[PDB]
Each structure stands twice: as structure tokens, then as C-alpha cells.
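See below for the structure under consideration.
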Amino acid sequence: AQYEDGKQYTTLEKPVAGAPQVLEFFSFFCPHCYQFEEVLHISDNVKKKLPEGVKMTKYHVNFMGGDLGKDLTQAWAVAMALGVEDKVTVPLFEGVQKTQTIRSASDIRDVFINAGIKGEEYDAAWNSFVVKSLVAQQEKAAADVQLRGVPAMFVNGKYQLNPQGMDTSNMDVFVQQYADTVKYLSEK
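Here the sequence shown stands for residues -19 to 168, where the numbers follow my numbering.
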């Protein structure tokens, strides 16, 4: 065929019931994730080709960057609860990988403050049980698929995107092939 298991995707031996339709995993420490976000705009281009009525989910992971890795997962939980993913994503990546000004939870907080979320609002979010369970979700979703690498995308809990099997000569062509694959998998 033109889309083959083990080529543009792999199949999970252990499918995950009740999984989000389109599930993406990343880490602010993850160098390809930086590419995916800032240069390739993967998430965005996938969304543009998805049928709609389709939920898109994105979660942070713990297994990179030790202690700060977990701070970042709790902070992404804060971003999700407050709906401010799109104001903090770029400065978190640049603060971690470009400028390296993020070294503690307090520095993560500064990014949100500078993005205009109020201190009081952030610290209440940070400390809230709704954020705790949002952290639990991120971890549980990763655990459900035995996740050991990012970036990672899963469709309907059964398919995993395999970008290593796509041409990288052209970044544009890489992204479209990627998004078209998600769409293919989506209609499976």
C-alpha cells in the first residue's frame, strides 16, 4: 500500500481504550519538539487537515530534565487549566533551549507573569487540585502507551506516528506527509 504499518506509523500491540483522538506528547527539554513547535508547526498543520469534530490533545512529559521536567509538567497543567497554552509555549521553549534562563520553578512562573497571567491567578492554579488531576492525566496517558520518547503522536490509542519513515529533505513536504498520515490514520 502507500501507507504501511511500520513505515509512516506503527501499531500498538496494546491498544488504549478511551484514548483521546489525537494525542501528542512533548517536553520543553526535547530538541525535536522545539523544531516541531517553532519551525514545523506540526500541531497546527495536523489540525488544519483533521476532519472536525476531532479533539486535539497535547501533553508534557516527566522523563526529561529531572526536577525541572516535573515542574514543567505541572506548569503545562496550569497552562491547560487557564487556557493559556498559546501564550506560554514559545517562551517556555526559548527559555529552556535558546536563552537558558529557565532554571527553577520561579523562572517558569516569570514566563507566565510576563505573558500577562496574574501572579495570584498562577499560584492559585499551580496549587489547585484541578491542576493536580490534570498532572495525573498527563502521566497516566504517557504510562498507558509505555512512552519513552518525544515528540510522539498517537491516533485513537492505536496508531503511533513514525516520522523517521518520511522524507526530511524539505521541511514543508515533511509536515504535509505527517499531517496527511494523521488524517489517514484518523479515517481508519
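For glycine and all other residues, C-beta sits at the position ideal for the given N, C-alpha and C.
Classification of residue i by the beta-carbon crowding that lies within 10 angstroms, buried from 16 upward
i, result
"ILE93", "exposed"
"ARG83", "exposed"
"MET151", "exposed"
"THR161", "buried"
"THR(-9)", "exposed"
"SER23", "buried"
DSSP-derived helix/strand/coil call for residue i
i, result
"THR161", "helix"
"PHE109", "helix"
"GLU4", "strand"
"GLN118", "helix"
"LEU30", "coil"
"residue 205", "With the chain represented from -19 up to 168, any question about residue 205 goes unanswered, as that position is not in the structure."
Separation of residue j from residue i, as counted between CA atoms
i, j, result
"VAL58", "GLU74", "19 Å"
"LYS112", "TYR139", "28 Å"
"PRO31", "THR37", "15 Å"
"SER86", "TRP106", "12 Å"
"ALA132", "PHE6", "7 Å"
"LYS168", "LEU3", "16 Å"
"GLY(-14)", "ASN142", "8 Å"
"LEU72", "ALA61", "17 Å"
"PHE134", "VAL110", "25 Å"
"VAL155", "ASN25", "7 Å"
"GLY99", "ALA121", "29 Å"
"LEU114", "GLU18", "25 Å"
"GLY137", "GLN126", "12 Å"
"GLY63", "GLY45", "24 Å"
Assumed close pair residue i, residue j - CB separation to whole angstroms, cut-off 8 Å
i, j, result
"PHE8", "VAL76", "5 Å"
"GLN1", "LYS35", "5 Å"
"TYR158", "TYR(-17)", "Actually they are not in contact, since the Cβ atoms of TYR158 and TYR(-17) sit about 12 Å apart, beyond 8 Å."
"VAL68", "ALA95", "5 Å"
Identified DSSP bridge partners for residue i
i, result
"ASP(-15)", "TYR(-11)"
"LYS38", "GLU4"
"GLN54", "None; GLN54 has no bridge partner."
Contact test: residue i Cβ vs the ligand HEM heavy atom, cutoff 7 Å
i, result
"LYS120", "As presented, the structure is devoid of all ligands, the ligand HEM included, so that no description of it is given."
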